[PDB]
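Letters A, B, ... are given to chains in the order of the sequence lines, protein chains preceding strands, and every chain is numbered from 1. For the numbers below, each heavy atom of this structure counts, side chains included, while hydrogens, waters and symmetry mates do not.
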Amino acid sequence: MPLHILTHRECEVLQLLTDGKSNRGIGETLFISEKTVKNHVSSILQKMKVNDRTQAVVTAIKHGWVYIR
Amino acid sequence: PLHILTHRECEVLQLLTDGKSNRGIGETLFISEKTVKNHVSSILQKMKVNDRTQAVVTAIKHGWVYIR
């Protein structure tokens with residue numbers, strides 16, 4: 001399950017990243033600061049045991065946790 | 001516009017979709033990281049995106065690369 005390992009906010013960040021949004025775009029969409037976006041990304045890399053956004057995103061797509069809009 | 005990427009740029013893009021680092025890509029393709037970094041920089045320029053994640057997600061969307 002995604003929610004066994006991620007929060008809902010983290011799932012939303014991952015989907016917004018899969019959509020192609022930047023840290024600025026994600027914060028705009030979620031009304032959070034860019035630093036906070038990076039904090040969510042930092043947590044996602046920890047929980048998924050990957051080293052950057054791209055591995056996390058490609059892994060989320062691979063497991064069906066997010067979709068290509 | 002797939003025609004604008006070189007085959008080598010496509011290989012780097014596929015290796016990025018696989019999850020390899022610039023060190024892994026340089027290892028796999030027997031090139032230096034500086035050469036890999038330039039290929040990445042070139043791919044973002046030709047694709048008109050700002051970072052690796054947008055390039056990879058855009059290539060997946062259009063079927064240029066596959067999830068191994």
Should [X] and [Y] count as side-chain neighbours, where that means a heavy-atom distance under 4.5 Å?
X	Y	answer
A:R9	A:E12	yes
A:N51	A:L45	no
A:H40	A:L17	no
B:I60	A:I61	yes

Name the residue from A:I26, A:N23, A:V66 that meets the side-chain contact (heavy atoms from CB on, under 4.5 Å) definition with A:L16.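 The passing option is A:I26.
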Considering non-hydrogen atoms only, spot the tightest contact between [X] and [Y] and give its length.
X	Y	result
A:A56	A:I44	CB-CG2, 4.1 Å
B:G19	A:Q55	O-NE2, 2.9 Å
A:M48	A:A60	CE-N, 4.2 Å
A:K47	A:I5	CD-O, 3.0 Å
A:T54	B:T53	OG1-OG1, 2.8 Å

Mind telling me whether B:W64 and B:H62 have parallel, tilted or perpendicular rings, with 30° and 60° as the class edges?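 If you compare the ring of B:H62 with that of B:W64, the planes turn out tilted.
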If hydrophobic clusters are built by linking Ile, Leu, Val, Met, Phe, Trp and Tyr wherever their side-chain heavy atoms come under 4.5 Å apart, do B:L2 and B:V12 end up in the same one?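 Yes, B:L2 connects to B:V12 through the hydrophobic network.
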If only atom types and distance count, is the side chain of A:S42 paired as donor or acceptor with the main-chain N or O of A:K38 below 3.5 Å?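 Yes.
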Between B:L13 and B:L5, does a side chain to side chain contact (heavy atoms under 4.5 Å, CB included) hold up when you go through it step by step? CA-CA 10 Å; B:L13 203 48; B:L5 290 195; 3.8 Å; yes
